[PDB]
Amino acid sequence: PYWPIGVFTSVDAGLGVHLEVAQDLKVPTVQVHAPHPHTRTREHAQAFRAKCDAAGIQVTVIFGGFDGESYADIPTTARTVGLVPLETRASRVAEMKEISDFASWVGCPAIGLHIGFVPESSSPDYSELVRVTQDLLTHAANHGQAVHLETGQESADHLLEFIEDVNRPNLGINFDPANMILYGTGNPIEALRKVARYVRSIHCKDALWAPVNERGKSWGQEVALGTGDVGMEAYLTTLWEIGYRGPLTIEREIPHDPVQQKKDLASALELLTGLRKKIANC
């Protein structure tokens, strides 16, 4: 079946709803933020796969996230997030490999990462970043896994350049159109067309642009699915055209307001279900 709906969940770490909420909503699939280090063993992975099995839920992607990452503002994100910052790089690379091990024990084919703010290709740290990415891709390949880059601050052109430089068959994209509005970088539907051949999974999330003069400086604003500037019908109709049949994974990050987060997941589910019926005929 095309476009099974999903929600982005957390066991402990991360901004997703708990699995019990995915169950209540009766979604068939989830993406999962990887658990904290102490909850990451093989015995934990086997318990988690048993829990998803009992719930009738398939885990499509397991996402990395790390201590010391801060999204507080755009400059802090560039400074603290992903594999890019030098201080935390070795530690986060090793963590992504443990997350790959955990995903393998769980039986999940893919892991995902916001790699951070990718340097200009002329930069000396660019090449080092390519080399750690290739290294992580080898580790994942040995598990039969793909790595999906989460949509970042990079323009679609820069991202394509990076992907082309890494040049590995198991590297792909988790496409998040709201992120490009939040960073204020470029029109998300146009970027989707440009990167189409690398898209392996997606997030359905919405956002409002920052004021014109504040783009790339102040964050835009994340809002309930369909109430923002993405164009949900435009996004889904374009996904259909490029051949994407995989899960539509709803992401709404307001775990601080669990009740409203669940409400927005439920209205998102209704909106996507109607659009799926119209566009995909199911």
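Note that residue numbering follows the sequence shown and begins at 1.
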**Study point:** Mean C-alpha B-factor comparison - 221 to 229 and 44 to 52, higher one
**Key:** 221 to 229
Practice item. Look over 123 to 131 and 93 to 101 in the entry and identify the one with the greater average Cα temperature factor. Key: 123 to 131
Exercise for review: Compare the CA B factors listed in the entry for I254, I250, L239, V32 and report the winner.
Suggested key: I254
Revision key, fill the gap. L86: C-alpha B-factor third of its chain, per the entry, is the middle
Practice item. Would you mind checking where the Cα B-factor of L159 ranks among the modelled residues of its chain, as the lowest, middle or highest third? Key: middle
Point to revise | Third assignment of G64 from its chain's C-alpha B-factors | key: middle
Check your understanding: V212: which third of its chain by C-alpha temperature factor?
Key -> highest
Check your understanding: Compared with the other modelled residues in the chain, in which third is the CA B-factor of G144?
Key -> middle
